[PDB]
**Student:** 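One structure is given below, represented as structure tokens, and several questions about it will come after.
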Amino acid sequence: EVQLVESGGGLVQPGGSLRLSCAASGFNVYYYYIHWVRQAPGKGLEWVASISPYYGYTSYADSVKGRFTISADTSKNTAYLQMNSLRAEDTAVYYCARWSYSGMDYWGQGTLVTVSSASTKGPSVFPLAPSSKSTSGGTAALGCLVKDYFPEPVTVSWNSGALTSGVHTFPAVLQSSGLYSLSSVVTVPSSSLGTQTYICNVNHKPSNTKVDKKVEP
Amino acid sequence: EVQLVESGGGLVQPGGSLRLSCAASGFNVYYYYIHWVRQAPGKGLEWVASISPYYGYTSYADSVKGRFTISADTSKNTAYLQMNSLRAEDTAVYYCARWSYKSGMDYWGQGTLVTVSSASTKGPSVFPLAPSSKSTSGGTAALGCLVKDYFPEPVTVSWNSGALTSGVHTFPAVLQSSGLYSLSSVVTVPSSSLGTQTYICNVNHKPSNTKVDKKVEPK
Amino acid sequence: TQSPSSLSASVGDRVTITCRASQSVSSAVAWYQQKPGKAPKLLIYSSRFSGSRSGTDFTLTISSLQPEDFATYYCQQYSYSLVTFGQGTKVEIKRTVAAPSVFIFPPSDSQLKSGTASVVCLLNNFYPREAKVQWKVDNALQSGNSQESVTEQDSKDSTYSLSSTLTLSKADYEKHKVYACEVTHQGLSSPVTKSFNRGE
Amino acid sequence: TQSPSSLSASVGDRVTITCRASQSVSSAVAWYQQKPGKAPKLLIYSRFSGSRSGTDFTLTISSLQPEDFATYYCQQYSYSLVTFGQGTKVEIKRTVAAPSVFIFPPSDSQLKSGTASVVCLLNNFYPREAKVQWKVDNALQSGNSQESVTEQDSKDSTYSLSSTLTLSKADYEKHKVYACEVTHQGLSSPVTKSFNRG
Ligand SMILES: [Zn+2]
Ligand SMILES: [Zn+2]
Ligand SMILES: [Zn+2]
């Protein structure tokens with residue numbers, strides 16, 4: 001079973017540096033080209049760098065060129081991406097992939113790299129309250145606003161995972177302040193609001209923040 | 001009687017250099033902040049550079065990072081933008097403007113087009129968009145001209161040497177993956193006039209000194 | 001650096017544009033108005049145009065929208081070692097829904113003799129701007145081989161027009177029979193499809 | 001490099017995605033498929049077929065299965081370097097569905113925190129394209145809101161959208177009437193939801 005496992009991702013200031021790793025299994029990185037590909041949030045795939053099977057040497061995208069450096073360890077088959085002088089534009093999910101020769105037939109699970117001046121901060125959770133004016137037929141809407149957190153990701157559940165139907169947790173938006181914000185909503189029968197409690201469970205692992213907010217009229 | 005007239009815009013290969021000029025009239029650049037602002041097609045304004053009055057201190061956008069140089073000649077009363085190491089994303093209409101709570105850039109030049117690309121100058125091919133039984137409906141028929149594969153911008157189109165303007169739509173050019181531009185100009189007319197009236201699109205492409213007429217007839 | 005956001009309004013409406021500020025506090029603003037094909041104009045405000053600062057965000061208010069106010073507005077902020085233009089807000093004229101009239105044009109024989117083929121679909125005088133064109137070649141849904149562009153709001157009836165151009169090699173064009181563009185739009189309760197068979 | 005383009009199609013439809021050859025000098029092309037939140041997959045091409053339209057590369061799906069709805073990327077290699085084309089998102093076509101609209105005033109807890117966010121929710125609609133316009137004391141807003149859209153729902157293939165108006169606490173207290181106005185394919189007239197502060 002071929003398998004690539006990544007690590008080393010995280011949060012850094014502009015001008016800082018990080019080192020990504022790529023643990024290979026079921027094969028050795030000697031007989032294959034290894035590539036790094038990144039994907040910024042909501043954007044397309046971008047090739048970063050590659051290294052040859054036999055000898056080393058390198059090929060880099062113009063956007064990187066002389067800021068990152070790809071390498072590998074033959075003994076412990078592991079590819080590396082030494083990122084230096086990072087900028088905000090380098091914020092993306094980074095993948096490592098094996099090229100066979102036809103194409104990148106195996107990919108790592110990917111790892112998030114955030115480059116920003118913002119400090120780590122947990123979300124403030126505010127209720128989006130149901131109301132008698134906020135119905136569509138017998139259906140009522142309610143939710144939770146998860147505001148001003150950094151970095152990604154946050155996870156949201158409702159009633160500890162018991163409530164999934166009708167739930168919409170929207171993609172985060174990057175505000176001008178450098179912090180993220182999103183809402184999670186759910187539609188339920190208005191007749192249930194009297195005898196049903198609704199709690200959004202917000203988890204922000206990067207800040208060790210766990211919040212449970214009850215939503216009521 | 002304040003005016004700013006720009007020049008120097010044109011085509012250049014990536015990595016190449018261009019010097020834009022901004023000739024002032026009705027005032028001297030010595031006494032005012034002069035600004036350069038650019039605008040890519042379909043995009044918003046982007047501030048590029050500025051130079052201060054009396055002492056000629058300068059300021060640049062991060063995106064033109066030590067590649068561009070703004071200066072002014074007070075004797076010739078002209079401001080300049082020296083652009084080096086040009087990249088495709090520098091392609092835009094460049095404006096120069098004079099600065100003066102109510103303060104701002106109150107006088108602007110007409111703008112000059114800067115195109116950065118590896119493509120070479122080429123005149124357009126003009127093809128008819130002929131009217132027909134399926135190009136007509138309940139009295140009116142649509143016809144036009146396809147102005148294909150030219151570089152750089154701009155092309156201008158008129159109909160019947162400027163006599164026909166009503167119902168005319170000349171669309172924005174699109175940059176094809178080939179690197180060449182293309183645009184269409186269309187006009188809607190009464191179907192009954194197709195037998196009588198003649199329709200000619202007059203195409204002009206100054207960057208190649210190309211002039212082309214094309215009579216558009218029913219197929 | 002990005003496309004202008006769009007705002008639909010009518011004569012007499014009140015419009016407030018917010019300048020999305022950064023590390024301002026100590027920052028000043030200037031507002032500009034630009035119409036198609038022309039340089040921006042500095043806006044002098046206090047009397048139809050007014051402005052104020054609510055916190056770190058500058059605002060520009062149009063008290064009663066006039067026909068000459070329909071344009072694209074930009075805020076310019078300047079401070080110590082910083083000058084930037086914000087995203088443009090394009091204020092366009094709101095009007096009743098209008099369905100496009102659709103026309104399709106096969107490649108001219110002239111272009112075919114020249115070794116290429118361009119199929120053109122025309123969408124004329126529609127509102128609102130939002131429109132989707134889908135090309136079909138022998139009922140195969142196409143993507144990535146066409147380009148489109150749209151005119152500014154018409155000075156006559158405040159509508160838009162759109163042209164979509166399907167580009168193919170001559171050889172590829174001549175081995176397919178049915179060419180069609182399917183138009184989806186507000187004013188259309190059902191999608192309109194204009195088509196032709198090659199060589200008719 | 002940019003947001004993927006969109007293509008609407010039904011199950012059983014035939015789709016052909018064209019990839020323009022830039023300035024390469026070989027037929028080195030590879031196609032990838034990516035679903036939300038997951039790594040891309042190299043396409044192994046039964047119903048998937050690759051061809052050469054002129055000098056350009058094409059990928060054809062003869063008959064779309066539910067599992068085929070995803071973002072597709074064309075990759076050209078040199079092979080001294082690699083380039084990904086813009087993504088093409090293939091979406092499930094369904095009947096037009098008008099959104100139901102809800103507005104949410106800022107909580108007292110948020111005002112206590114010094115900010116005021118007003119949320120407009122659009123639920124269960126199709127197509128994805130919808131316009132939300134904010135009004136404060138009947139003044140049309142711009143530049144102080146942001147939108148966000150869900151992926152296509154697995155069950156009914158509809159979308160949901162949120163629009164958030166962000167104002168300072170002090171400014172929020174200076175106005176009374178807050179409203180979001182929704183425009184959409186399925187709506188013959190705009191739908192407005194509003195509330196009066198207090
Ligand atoms: Zn829903
Ligand atoms: Zn027209
Ligand atoms: Zn206010």
Side-chain angles (χ1 to χ4, degrees), chain A residues 136 139-143 158 163-170 183-188, chain B residues 137 140-144 159 164-171 184-190, chain C residues 14-19 50-55 57-61 98-103 122-127 150-163, chain D residues 97-102 116 118 121-126 134-144 149-162 165-178 197:
Chain A
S136 174
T139 301
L142 60 95
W158 283 91
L163 181 62
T164 59
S165 181
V167 174
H168 301 296
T169 299
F170 295 93
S183 283
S184 180
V185 303
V186 64
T187 44
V188 300
Chain B
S137 294
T140 56
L143 61 93
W159 286 89
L164 180 62
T165 62
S166 289
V168 174
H169 303 300
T170 298
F171 298 91
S184 293
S185 176
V186 300
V187 61
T188 46
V189 305
Chain C
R14 189 161 176 251
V15 179
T16 300
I17 302 170
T18 300
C19 187
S50 62
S52 63
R53 170 119 86 149
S54 56
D57 297 329
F58 296 91
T59 60
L60 171 72
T61 296
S101 51
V102 188
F103 309 91
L122 170 60
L123 280 56
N124 182 79
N125 294 38
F126 59 88
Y127 187 96
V150 183
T151 56
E152 296 298 292
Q153 197 155 29
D154 199 335
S155 58
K156 185 186 180 300
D157 55 348
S158 306
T159 62
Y160 297 92
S161 288
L162 178 154
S163 77
Chain D
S100 48
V101 187
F102 312 83
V118 190
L121 168 58
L122 285 58
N123 184 43
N124 194 34
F125 66 91
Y126 186 94
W134 283 96
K135 288 178 63 171
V136 180
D137 287 335
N138 195 71
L140 293 164
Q141 301 294 296
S142 185
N144 60 358
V149 193
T150 59
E151 303 289 354
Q152 212 168 7
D153 182 81
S154 62
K155 187 173 178 177
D156 60 24
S157 296
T158 61
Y159 292 94
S160 292
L161 181 152
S162 71
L165 181 74
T166 305
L167 297 176
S168 62
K169 183 193 181 178
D171 181 84
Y172 174 71
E173 298 284 6
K174 288 182 179 181
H175 307 280
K176 308 195 79 66
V177 188
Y178 295 82
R197 179 182 56 80

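In what follows, chains carry the letters A, B, and so on, assigned in the order in which the sequence lines appear, proteins first and then strands, with residues in each chain numbered from 1. Counting starts at 1 for both ligands and their atoms, in listed order.
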**Student:** With D:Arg197, which residues qualify under salt bridge (charged side-chain N to carboxylate O under 4.0 Å, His left out), at least two apart?
**Tutor:**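 Here the qualifying residues are D:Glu173.
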
**Student:** Does C:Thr151 reach the main-chain N or O of C:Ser161 with its side chain, forming a donor-acceptor pair under 3.5 Å?
**Tutor:**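 Yes: the side chain of C:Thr151 pairs with the backbone of C:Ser161.
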
**Student:** Would you find a donor on one side and an acceptor on the other, under 3.5 Å apart, between the side chain of D:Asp153 and the backbone of D:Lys155?
**Tutor:** yes

**Student:** With sequence neighbours left out, write down each residue that passes side-chain hydrogen bond (donor to acceptor under 3.5 Å, both in side chains) with B:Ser185, or none if nothing qualifies.
**Tutor:**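 By the side-chain hydrogen bond (donor to acceptor under 3.5 Å, both in side chains) rule, B:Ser185 matches B:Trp159, B:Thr170.
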
**Student:** What are the two closest heavy atoms between C:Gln153 and C:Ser158, and how far apart are they?
**Tutor:**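 Of all heavy-atom pairs spanning C:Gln153 and C:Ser158, the closest is NE2-O, 3.0 Å.
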
**Student:** Using a cut-off of 2.8 Å, count how many protein N, O or S atoms are strictly closer to the Zn ion (ligand 2).
**Tutor:**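 Number of qualifying protein atoms: 3.
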
**Student:** Strictly under 2.8 Å, how many protein N, O or S atoms lie near the Zn ion (ligand 3)? Waters don't count.
**Tutor:** 2

**Student:** State, without any angle test, whether C:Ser52 and C:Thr59 hold a side-chain donor-acceptor pair at a distance under 3.5 Å.
**Tutor:**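 A pair is found: one side chain offers a donor N or O, the other an acceptor, under 3.5 Å apart.
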
**Student:** If the plane angle is over 60° it's perpendicular, under 30° parallel, otherwise tilted; pick one for D:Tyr172 and D:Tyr178.
**Tutor:**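 If you compare the ring of D:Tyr172 with that of D:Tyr178, the planes turn out tilted.
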
**Student:** So, for D:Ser168 and D:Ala116, which heavy atoms are closest and what is the spacing to 0.1 Å?
**Tutor:**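 Result for this residue pair: O-CB, 4.3 Å.
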
**Student:** Side chains of C:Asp57 and D:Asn144: any donor to acceptor distance under 3.5 Å?
**Tutor:** no

